[PDB]
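# Coordinates in review
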Amino acid sequence: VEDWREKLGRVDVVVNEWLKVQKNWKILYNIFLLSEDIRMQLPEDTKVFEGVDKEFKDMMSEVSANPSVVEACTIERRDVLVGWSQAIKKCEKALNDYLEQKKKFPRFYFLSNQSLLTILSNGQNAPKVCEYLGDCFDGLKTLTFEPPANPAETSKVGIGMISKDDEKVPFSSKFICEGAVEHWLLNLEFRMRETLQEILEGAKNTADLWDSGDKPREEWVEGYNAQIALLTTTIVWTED
Amino acid sequence: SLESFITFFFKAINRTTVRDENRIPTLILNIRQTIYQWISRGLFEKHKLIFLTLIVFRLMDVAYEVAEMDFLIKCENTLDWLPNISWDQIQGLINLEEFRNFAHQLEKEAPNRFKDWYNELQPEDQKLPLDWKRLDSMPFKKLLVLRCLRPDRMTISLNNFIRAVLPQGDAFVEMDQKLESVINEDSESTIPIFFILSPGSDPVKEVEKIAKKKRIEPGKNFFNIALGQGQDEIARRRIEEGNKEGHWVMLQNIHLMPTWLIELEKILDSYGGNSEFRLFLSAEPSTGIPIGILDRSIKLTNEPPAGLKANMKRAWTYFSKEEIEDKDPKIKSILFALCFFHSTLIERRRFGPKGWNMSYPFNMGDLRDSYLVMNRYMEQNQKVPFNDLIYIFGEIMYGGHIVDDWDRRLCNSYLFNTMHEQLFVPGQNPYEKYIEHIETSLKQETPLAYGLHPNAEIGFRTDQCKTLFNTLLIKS
Amino acid sequence: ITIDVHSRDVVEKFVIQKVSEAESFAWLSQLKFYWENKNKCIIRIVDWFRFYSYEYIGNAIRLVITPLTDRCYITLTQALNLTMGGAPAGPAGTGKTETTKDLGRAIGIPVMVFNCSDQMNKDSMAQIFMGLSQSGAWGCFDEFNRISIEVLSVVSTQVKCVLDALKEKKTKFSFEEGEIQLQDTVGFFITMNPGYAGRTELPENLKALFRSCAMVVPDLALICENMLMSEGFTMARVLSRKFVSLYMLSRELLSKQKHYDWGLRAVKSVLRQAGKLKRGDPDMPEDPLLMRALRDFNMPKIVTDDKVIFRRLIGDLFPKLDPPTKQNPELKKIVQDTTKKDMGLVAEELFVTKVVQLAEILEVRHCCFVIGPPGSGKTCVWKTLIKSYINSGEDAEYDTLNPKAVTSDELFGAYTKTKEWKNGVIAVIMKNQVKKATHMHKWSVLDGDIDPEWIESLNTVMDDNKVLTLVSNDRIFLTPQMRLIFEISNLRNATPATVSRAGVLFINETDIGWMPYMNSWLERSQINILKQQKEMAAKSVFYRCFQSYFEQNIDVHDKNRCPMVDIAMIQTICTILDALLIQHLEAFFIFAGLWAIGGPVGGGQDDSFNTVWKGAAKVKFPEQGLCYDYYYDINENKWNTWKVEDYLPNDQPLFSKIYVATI
Amino acid sequence: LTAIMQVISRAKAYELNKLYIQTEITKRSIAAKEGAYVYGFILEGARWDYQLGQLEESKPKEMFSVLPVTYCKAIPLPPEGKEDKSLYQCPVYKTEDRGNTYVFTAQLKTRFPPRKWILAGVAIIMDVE
Amino acid sequence: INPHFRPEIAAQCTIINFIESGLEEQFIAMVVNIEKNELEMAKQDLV
């Protein structure tokens, strides 16, 4: 009862702190697996972490050398997990600061910081831009891209927006895709804004031409998009 | 709190200071009101009357021989001069077996003693037939007589009798002026003190004055904090260090915030309180507040006013001078007409049965709602008339509230009557003119501006009194 | 067309009032717009006028206008004009949740309507506000009713001091050290449900921060008229007016019964089925199809008297277009042949009528309901229907189920602790069905009672879509070949959503054919399709005897009641079969019918009873006292008597006492 | 009421939605084949004399028992009982208790623009006491 | 008093209540204090 009770208390605290260190090893492992730019732009704590993980796997192999818990949980002194934890805290605070730097801008605060970390792992790939485009924004899904990059259709330019209802509308200005994620994201927001503005103006001029040609049956209001057509016609009824 | 109870029991001895065997009678002569006023500022008018009657029968449940409170709280053709409504009330007194022997013990069949007794305003003092009283109702059955024969003297005859038949020490059952420092001398530096923020009640100002005139030692060293954002960390540290120094504080806006108090009253009960560390709590009456404060605290109240005059007065009170003193008289005049109409709608809510199908939650925000929407009308230059804006004004501050077609129809008609806009006193821009308008607007809110009659208002108030009675309350 | 008819209505208001002023005010209520050649355009309302968002809303389906919505429009426009938010409210499910989003995207701005969910950290609300402020977004946090008033203070003061900053029209301000620039276009609106359940109450100054807007009414008519429009013909507006009038007046007039429903999805259904049905029919057959389609639901739902009422109520609308008809004599005679001879079962025009109604309802929708006792004709109705279905079609894979036979958890699968997933049973059924063969039609039946949990567990198929969900993250949809059948006897515990899901069918229990049934059993037992049947043994004599007894003893026991327990009269003939068999082992027919009927009869009423029976009986009862004495002897043909016995080895043990051969 | 819509629908062989009910305080008519003399009506908020709608006062009760009434139905929008301006709607709730969201609003003569009659808040109760 | 009351808890356990004249005696104890501390110091010390 004595030997086993003290052994059980020690094994309990050891396996507890071990499970904590281990699960956060999984978390940091994955965090630095999704991207390399994170590890590059963050040399210090990631180097600390890779040393942590190297000797973590090492002492884990040492523990796995004896699996028979009845005669293998005799691994006393396993309180290095305490210092492991303190290093974990000092590195995770920095990691959160770096995530804050990466988010630094308003539109990032309507999304999981984990999906933001996916963006910071891979923001340049236009397919991923297309994916998170609909996840973030209200009425858009994706946009078309150049099929050839001499190897693939990776991240070249936008040619036409694709909405929720598969509204496909070409780009008056063929937006070029860059790596300055938030910069060309603002550029795409202005594509939305002013491309819609010029589409509104063109549709309004041809809708005035339609009001003039109201006397012959106009299929122009059918050719126009429903939203802009109904808006321009409501204006027309205001003048009426 | 019994600690407070024995505390105020001490001043009733302390305020006495009489040097005689006249002491003990004067001692208790302070005690009964010191404690009765200590409860008269926390209860409601109903809870007052029952506690009175409770102490009434408890001191030294006798007169009610057979369950009279039942049909007193409701649980004819023998007379002609009376109206039929009195006949129907009397028909209630003459229900199957309710008071028939007493109703004939009235001997109303002789119309003379009853016609005159009912024809004379205030019968009990002037023309009350003494012999008729000896016949039916000597001590208190007079109040059962006033139940149907003339209900015009319910409250006054209640007050007159209960003070007369009682040997209650209070010559006048009410109390003196609102003087609060003398009640704050007995305050203790550990128990909390709550301020019930009744409508138009801000006794905080006196709390500073006393904290300046008497607490010269700690002025501006104490403070007050409304229950805001993260003021958990701010105020608690302030209360903590203030406790370490014995400072003062008041907390407004508590009703806003119950679920800081669970932590706040916890850290309060975690530590006792330092000396001279007087607390103060302030909030409007709201539920959802942890009882741990409301059971051990001080409960002091004030008095809310009403009426078109007071509504107009407070409306121009928040409507600041630069808001009053606008560019042209025209703008301020329609503002005065709008506010009179909005006040009319707000004051109509006091009539649950008929004024509206239900008393909607009209708000001063709705008066704020009329203000800047009018600023966006007057922001441009052009002679802006008011058939749409009144619709707008009606679509908003009441269109949301006024959903019922009857209320909707009554609303639009008010919109057409106040500002004609149908084709089917005012004054100039200065504020003093509309203050002049507030006093020209007679304080007696006549039913003409409302569009009602006087009697059902009395009936609705009589019904409220019956609800008070019922809530005060192998047999039949 | 919605906005067209709205403009229309307002122009009729104008022509009815003969509105004079150009600044007309019922006119200034609505929207104003103007262009510009700056970069930035402008909108205008009664007073508010600002730039446009140029946001791509995406074409979506959009609600209808109503005076309530005029009120709400104006409330929101003024709250915007004031720089304070609005707090519209009212009863739940009013439509305000759709109107908030509709009104937000009307101008085309974001509308983030969230749920106040899981004790929202004051921090979390602060970060949501911080993002929204500089992003220029708009939104609402529905379910304010559940929030710690801790967070209520935090957020109320964030909102009020942010409101004061925006009223100052500042550029940058600080909140919990967040000294950040602001965005001009920002809008918060709030909606809660008043005092119905126990929920966190609103702070006083926070309820003063906003004003409220009570709301209570919705409506249809537009969607109907719009699809009748879009069907292929024109004259449909007043048609839809007649449709909605008939609908609401049916709601009001028709007696309240639990199964009585006019389910919204069933309405949209009837509409677009008639839409398809116009094809291949000239302009005249348009109108007959309307009333015949209304009858397509009038028949299997409404009892006879309400049917007469309703059909006259309809014949008011078009009194010259009463005699259209159905045409399916081919399937009529197919099912007739099946019921008559192929089955060996007894046929009946009425039974075949119910079969036809069931067939067309199954053609319309995947499943429906039916009320009746088991083995009472209706099960044979669907059996003869599936057999005529294999006569007119390839084959019918068929399955049988009962919800209350087992628990729902094993009916749908669960984890074995050890975390091992176990499946349900409908999963196996659908697996074998979609994966058998194609030369079949797939059907399943559910018989039992109504319990809400299992029936709502499979709303994912009872809804318009026929698709599944599983705890093991499995989703299975089905081709129209898979159909459901729902047998029920009482809807004591149903829900209106479940009623609106599927169809309906009722059987007046008097419609069960009595005389053909009994004549079939008297003439020929059912054909022995299965092996190893049990032993089974003029006929007009006992037929006429039973027929004469029928009404007389019915009236007799109608006076009497008296039985101990409620019973039907079918199992009585089930015992009359035992009577016939013990006769095989007229007077005996009488005696055994007497023994069958006298079961639940009470003691003191035993002197009513058999007494009036021996009054009504051919053979006069010689046993004047306790006439129940009837053990008639076949061989000697004596009249009646009894018998007894008792002894000690019969009474040896503690138990097995010889309770003597008591009478 | 709808049942009397129903019986009069069939008697004249008209449409239901065609049938427009209208009150007739005086007597019955014969487009409407039947005119019902019904009981249990009391006006509130306004008094009345023969062919005149008066206004209640303080001493008069809030209630005024209506004269013996009658009713009739008609075509959709024909020349019915009285003039639309001369007539004017007044709410109809359940009974003495103003609860339960008035069943409908019934026509009544307006001596002057309904403005004052709206301000009066007139109504009708089915039963009191 | 008697929030849960049954003869079982009375039969098994020992019952002790007290229900007015005690609260009386603390009154005079405090009133004799406020009446006069000589009355106090006399009474309590002598007791």
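Numbering of residues starts from 1 on every chain and follows the written order of that chain's sequence, so it may differ from the entry's own numbering; residues lacking coordinates are omitted. Working convention: letters from A go to chains and numbers from 1 go to ligands, in the order in which they are written. In this view, a larger assembly is represented only partially, and all stated values concern the represented chains. Note that the side-chain values use all heavy atoms of the structure and ignore hydrogens as well as water. Residues with missing side-chain atoms are left out of burial classes, side-chain pairs and their counts.

Its PDB record attributes the structure to cryo-EM, giving the resolution as 8 Å.

Each partner contributes to the interface: chain C provides 40 residues, whereas chain B provides 40 residues. Once two parts are joined, some of their accessible surface, as seen by a 1.4 Å probe, is lost; buried area is that loss totalled over both. Here chain C packs against chain B, burying approximately 3,200 Å² in sum over the two surfaces, 59% of which is carbon and sulfur. Sorting the residues of chain C by area buried against chain B places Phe 25, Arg 71 and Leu 82 of chain C first, and these three jointly supply 21% of that buried surface. Any carboxyl oxygen of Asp or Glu within 4 Å of a side-chain nitrogen of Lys or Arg constitutes a salt bridge here. Our count for the contact surface shared by chain C and chain B stands at two salt bridges. The salt bridge involving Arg 211 of chain C is made with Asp 369 of chain B; its shortest N-O contact spans 3.3 Å. In this text, helices come from DSSP runs of H or I with a minimum length of four residues, and strands from runs of E with a minimum of two, each type numbered from the N-terminal end. With nine residues, helix α6 (residues 149-168) of chain C is the single largest residue contributor to the side of chain C that touches chain B. Under the grouping applied here, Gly and all other residues not named as nonpolar or charged are polar, the nonpolar ones being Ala, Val, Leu, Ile, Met, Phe, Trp, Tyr, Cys and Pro and the charged ones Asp, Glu, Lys and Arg. Taken together, the residues of the side of chain C that touches chain B sort by class into 18 nonpolar, eleven polar and eleven charged. By definition, residues are in contact when any of their heavy atoms lie within 4.5 Å.

Frequently, the measure chosen for interface size is the accessible area that the parts lose on association. Taken residue by residue, the interface counts four residues in chain E and five residues in chain B. Contact between chain E and chain B buries roughly 380 Å² in total, counting both sides, with carbon and sulfur atoms accounting for 96%. It is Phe 27, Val 31 and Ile 34 of chain E in chain E that bury the most area against chain B; as a group they hold 82% of the surface buried on that side. Counting every contact that joins chain E to chain B gives zero salt bridges. The definition of a polar contact used here is a pair of N or O atoms within 3.5 Å, where within protein one atom must be able to donate a hydrogen and the other to accept one, and adjacent residues in sequence count solely through side-chain atom pairs. Run the count over chain E and chain B and you get zero residue pairs in polar contact. Here the side of chain E that touches chain B is composed, by residue class, of three nonpolar, no polar and one charged.

Glancing now at the nonpolar core. Take the buried residues of types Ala, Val, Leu, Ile, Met, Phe, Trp, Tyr and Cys, join any two whose side-chain atoms come within 4.5 Å, and each joined set is a nonpolar core. To sort residues, take the accessible area from a 1.4 Å probe on protein chains only and compare it with the maximum for the residue type: under 20% means buried, over 50% means exposed, and anything in between is partly exposed. Formed by 70 residues in total, the largest nonpolar core has its most connected members in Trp 316, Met 374, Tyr 377, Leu 389, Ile 392 and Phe 393 of chain B. Element by element, the count of residues in this core is highest for helix α18 (residues 329-348) of chain B, at eight residues. Excluding residues that lie within four positions of it along the chain, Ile 392 of chain B makes contacts with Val 373 and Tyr 377 of chain B together with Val 46 and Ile 74 of chain C. Residues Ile 512, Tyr 517, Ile 576 and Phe 621 of chain C belong to the second largest nonpolar core, which totals 25 residues.

What follows concerns the side chain of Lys 242 of chain C. Along the chain, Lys 242 of chain C falls in helix α9 (residues 237-253). Under the convention used here, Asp and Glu are negative, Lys and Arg are positive, and both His and the chain ends fall outside the count. Buried and unpaired, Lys 242 of chain C has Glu 15 of chain D as its nearest opposite-charge partner, separated by 4.2 Å. Setting aside residues up to four positions removed in sequence, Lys 242 of chain C forms contacts with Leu 317 of chain C together with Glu 15 and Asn 17 of chain D.

Further remarks concern the pattern of salt bridges. Evaluated as defined, the whole model comprises 39 salt bridges over all chains. Linking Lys 90 of chain A and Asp 45 of chain A is a salt bridge whose minimum nitrogen-to-oxygen distance equals 3.7 Å. Placement of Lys 90 of chain A in helix α5 (residues 80-103) and of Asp 45 of chain A in helix α3 (residues 43-65) is noted, with a sequence separation of 45 residues between them. Here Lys 90 of chain A falls in the partly exposed class, since its relative accessible area comes to 38%. Relative accessible area serves as the criterion here: at 4%, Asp 45 of chain A is assigned to the buried category. The partner of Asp 269 of chain B in a salt bridge is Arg 296 of chain B, and the shortest N-O contact between them spans 3.9 Å.

Attention now moves to unusual backbone geometry. Among all residues save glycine, negative phi is the norm, and among peptide bonds the norm is trans. Notably, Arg 77 of chain A is not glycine yet its phi reads approximately 65°, a positive angle. Take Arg 77 of chain A: it is sitting in the loop between α4 (69-72) and α5. Look at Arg 77 of chain A and you get exposed, because its relative accessible area is 61%. One non-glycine residue, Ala 67 of chain B, adopts positive backbone phi at about 40°. For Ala 67 of chain B, the position within the fold is in the loop between α3 (45-59) and α4 (68-72).

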